[PDB]
Amino acid sequence: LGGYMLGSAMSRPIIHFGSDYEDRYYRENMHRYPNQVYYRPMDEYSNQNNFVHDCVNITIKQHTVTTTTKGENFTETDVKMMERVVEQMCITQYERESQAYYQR
């Protein structure tokens, strides 16, 4: 995990899962969940889904690994409560820099 960048800070998103408990449970804890994502700039490899994919997986990684060694068994739900949020953020982080493509 060297050579990537980190775009600006957005506020945390709120993604529904199919129950309002999952909204709140995350929310009240959301201080721990990510609110920025690792990316690389608009040099060449720009995309939507495909650019999200790896930006997510990397930012998810440096949450999921640490938690395991910080005395936290995290589950598929705990991880997905990151993933939806990281996907949101990776969307926004691409889009943010992509706005400077119509003011160049």
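Residues numbered from 1 in each chain as written, not as in the entry; some residues may be left out. Heavy atoms only, no water.

The deposited coordinates, according to the entry record, derive from solution NMR.

1. Comments concerning a nonpolar patch on the surface
A surface patch of nonpolar side chains, amounting to about 260 Å² of accessible area, comprises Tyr4, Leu6 and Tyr38. Counting through the fold element by element, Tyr38 comes out in strand β2 (residues 38–39). For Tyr38, a relative accessible area of 32% gives the class partly exposed. (Patch = residues over 30% accessible without salt bridge, like charges linked within 9 Å, V, L, I, M, F, W, Y side chains within 5 Å. Areas by Shrake-Rupley, 256 points an atom, 1.4 Å probe, with all protein chains shown as cover. Salt bridge = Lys/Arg side-chain N within 4 Å of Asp/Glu carboxyl O. Helix = DSSP H or I, 4+ residues; strand = E, 2+ residues; numbered from the N terminus. Buried < 20%, exposed > 50% of the residue type's maximum accessible area, 1.4 Å probe, protein only.)

2. Focus on the state of the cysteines
A covalent bond bridging the sulfur atoms of two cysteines is what the word disulfide describes. The tally for this structure, following the rule as stated, stands at one disulfide. Disulfide pairing places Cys55 opposite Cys90 at an S-S distance of 2.0 Å. Across the disulfide from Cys55 to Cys90, rotation about the S-S bond amounts to roughly -90 degrees, and the bridge is consequently left-handed. One end of the pair, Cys55, is in helix α2 (residues 49–69); the other, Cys90, is in helix α3 (residues 76–98), and 35 residues separate them in sequence. The two residues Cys55 and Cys90 agree in class, both being buried. (Disulfide = S-S within 2.5 Å.)

3. Observations regarding the side chain of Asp78
Counting through the fold element by element, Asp78 comes out in helix α3. No salt bridge is formed by the buried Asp78. Its closest oppositely charged neighbour is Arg32, at 8.0 Å. Within the structure, the side chain of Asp78 is placed 2.6 Å from the side chain of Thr75, a separation counted as a polar contact. (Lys, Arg positive; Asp, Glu negative; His and termini not counted. Polar contact = N/O pair within 3.5 Å; in protein donor to acceptor, adjacent residues only side chain to side chain.)

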